[PDB]
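Enquirer: need coordinates for the following:
(6 chains)
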Amino acid sequence: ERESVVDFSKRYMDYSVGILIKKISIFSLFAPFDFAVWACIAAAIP
Amino acid sequence: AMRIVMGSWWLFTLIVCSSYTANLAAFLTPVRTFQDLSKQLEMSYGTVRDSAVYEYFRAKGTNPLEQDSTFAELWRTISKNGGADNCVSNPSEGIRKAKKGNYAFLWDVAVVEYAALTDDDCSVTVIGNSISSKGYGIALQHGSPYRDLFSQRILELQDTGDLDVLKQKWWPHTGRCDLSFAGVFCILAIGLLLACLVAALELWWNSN
Amino acid sequence: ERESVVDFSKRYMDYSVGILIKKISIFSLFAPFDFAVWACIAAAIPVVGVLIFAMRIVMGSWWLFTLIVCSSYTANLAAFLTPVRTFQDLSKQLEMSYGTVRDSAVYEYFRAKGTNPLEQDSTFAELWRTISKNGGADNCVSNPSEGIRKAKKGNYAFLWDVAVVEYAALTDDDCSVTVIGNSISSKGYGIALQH
Amino acid sequence: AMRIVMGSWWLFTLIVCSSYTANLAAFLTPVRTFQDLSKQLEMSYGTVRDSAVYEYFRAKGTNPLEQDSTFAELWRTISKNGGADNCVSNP
Amino acid sequence: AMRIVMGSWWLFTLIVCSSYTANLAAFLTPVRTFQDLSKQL
Amino acid sequence: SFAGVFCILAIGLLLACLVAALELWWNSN
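Expert: Numbering: from 1, shown residues only, chains lettered A, B, ... in the order given. Let me share the structure:
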């Protein structure tokens, strides 16, 4: 609409939209199976 | 003889111990989305209602004839309740609500450029976007003859890049913030405990 | 220079250039770690192998009956991740010897982008050195005819402005090479007027 | 003596690589898909144009207040050329 | 003669090792009873 | 599931029968 009422200088750049989001070891082995039942294996071989 | 039979039982124990260790370490491949069409499946965005970022892709949400489908999907994702309980008033409201909610805030690139550097904790991340949405302009009244030589001075320094060079100046671009191994170490001190007990038994039986 | 003689008006498009005709291994073993973990494993055993003088060290040897298991998991998944990886223009900036349209603004502007340390994204002085072969006197094209003339055979690339890419790949029956991701805005195509 | 050391403990790693090759292929593994919104992620759906639900799911494609994200995308699946292409005119 | 005799164990084991490693993975990849006929017990 | 069983079955019977034809003939010699 403002084109019809006033003139405009030319581009320096183009508009683009922006997006902001928020920001190997044995821990891999030892999270999904618990350390206590990791220790349970040392009982039957006794 | 029958020494062997019960030892054949501690087999399948360790078979299962092989097996669970084999399996679930594979399954670990929590966000894997880096673009707009990627971040479609990530619930809501955070925006300003009835805004220039809103109404433009609202208008592209009323364009049904092309199969882009990134846009109107997310638009009617946030057009629920007529836009109510989807949006904020100003982007000053969307800072911590994006930080403490399911929103990814959507705005100009250069604003988010500024907003990323202004986090002491630096707990944010911008993702890329290279699109042909709009341009930028500056108004001047009819009969003001300044337009051509203004844009001469625009196209000179943009074709020498100097406008973005000064944008690199007052806004830095190199990033203000930034932008297996355990078991082999684990056996080391265990072996050092071994050699400790060896020298312990060395002086133990030197004394014996 | 064209504005200094005649009036313009706003743009509509972008532009690009290049050369266009047509077009199970060990590495996936190495995908989570590689090339030095295979070296770090080689040091623990000789240390105990000079640590001779009985049962006691071998628990570190039966520790391999646990360690190698970790190695025994770490492969295979790489197949789920997906020849040549043409994935960027910067991936082309490692590939030596490509050229493009001479005697032109695209011949000009990345050598003009090649004169600032502040503007260098480590892509375009590289790219001027990429086209710098044969003194420039044999790297360059001038036509889509020259594009079909100059080979894709050699460490080369796929680029033009998309309207001619959509033209040429349609005239070809292959859809042979993939285009790069690139958005350019310093010049482009608009509509000129008169003062 | 010592060649038989390393060629054996190489064949070790080789057959281990075979074990990976061996188990690997069965694991991506008649159709796994039984309904739309995932059949709408499948190649080549069309149907009879100018039906009643051709109009109704078009109108639900202009219903953002109530939507299950299937019908508007199943709509634009077949709404190409204003609905013209890949839409059949008889049984 | 007897390399055919002693040799079997590992060669045969391959079927088993591939077997349990085959069905290993996809274990992890009212909520099972859905029908009215499912409810009858 | 089931299709790898009879193969290694009858192969295991097969090389068994090859040595079975071998040994009684060499015992006859």
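
Enquirer: ok, now how distant is residue A:43 from residue A:29?
Expert: Going from residue A:43 to residue A:29 by C-beta to C-beta, to the nearest Å gives 19 Å. Heads up, the C-betas are built off the backbone N, CA and C, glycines and all.

Enquirer: settle it for me: which of these two has more neighbours?
Expert: Between residue A:43 and residue A:29, residue A:29 has the larger neighbour count (other C-beta atoms under 10 Å in any protein chain shown), namely 21 against 7.

Enquirer: right, and the more buried one touches residue B:23 too?
Expert: No. The pair residue A:29 / residue B:23 is not scored as a contact, 11.6 Å apart, by C-beta atoms under 8 Å.

Enquirer: wait, residue B:20 sits on residue A:37?
Expert: No. The criterion here is C-beta under 8 Å, and residue B:20 misses it with residue A:37 at 10.3 Å.

Enquirer: these two: who's more crowded?
Expert: A direct count of neighbours by other C-beta under 10 Å for residue B:20 and residue A:37 places residue B:20 higher, at 13 against 8.

Enquirer: flag every buried residue along whichever strand or helix holds the more buried one.
Expert: Element membership for residue B:20, per DSSP states H and E: helix B:10-23. Neighbour counts using 16 or more other C-beta atoms under 10 Å in any protein chain shown place B:18-19, B:21-23 of helix B:10-23 among the buried residues.

Enquirer: which of the residues you listed are close to chain F?
Expert: Contacts with chain F within these, counted by C-beta under 8 Å from any C-beta of the partner chain: none were found.

Enquirer: can you tell me which of the residues you listed lies nearest to chain C?
Expert: Distance to chain C across the buried residues of helix B:10-23 (C-beta to the nearest C-beta) is lowest for residue B:22, with 5.3 Å.

Enquirer: the helices in chain B, which residues?
Expert: Assigned by DSSP state H, chain B shows helices spanning B:10-23, B:52-59, B:71-78, B:94-99, B:109-117, B:147-159, B:162-170, B:181-207.

Enquirer: quick one, which of these gets closest to residue B:40.
Expert: Closest of those to residue B:40 is helix B:71-78, at 6.1 Å (criterion: C-beta to C-beta).

Enquirer: just confirm yes or no for the closest one near chain A.
Expert: No. Helix B:71-78 stays clear of chain A (C-beta under 8 Å from any C-beta), getting no nearer than 10.6 Å.

Enquirer: touching that helix from outside, list them.
Expert: Contact with helix B:71-78 is made by B:36, B:40, B:43-45, B:47, B:57-58, B:60-61, B:63-64, B:86-87, D:64, D:67, D:69, D:72-73, as judged by C-beta atoms under 8 Å, 6 or more residues apart in numbering or on different chains.

Enquirer: filter those residues to the buried ones?
Expert: Buried, going by 16+ other C-beta under 10 Å: B:36, B:40, B:44-45, B:47, B:57-58, B:61, B:86-87, D:64, D:67, D:72-73, out of the contacts of helix B:71-78.

Enquirer: which single residue in chain B comes nearest to chain E?
Expert: Counting by C-beta to the nearest C-beta, chain B gets nearest chain E through residue B:23, at 5.1 Å.

Enquirer: distance of residue B:68 from chain A?
Expert: The spacing between residue B:68 and chain A, counted by C-beta to the nearest C-beta, to the nearest Å, is 14 Å.

Enquirer: likewise residue B:126?
Expert: For residue B:126, the distance to chain A equals 6 Å [C-beta to the nearest C-beta].
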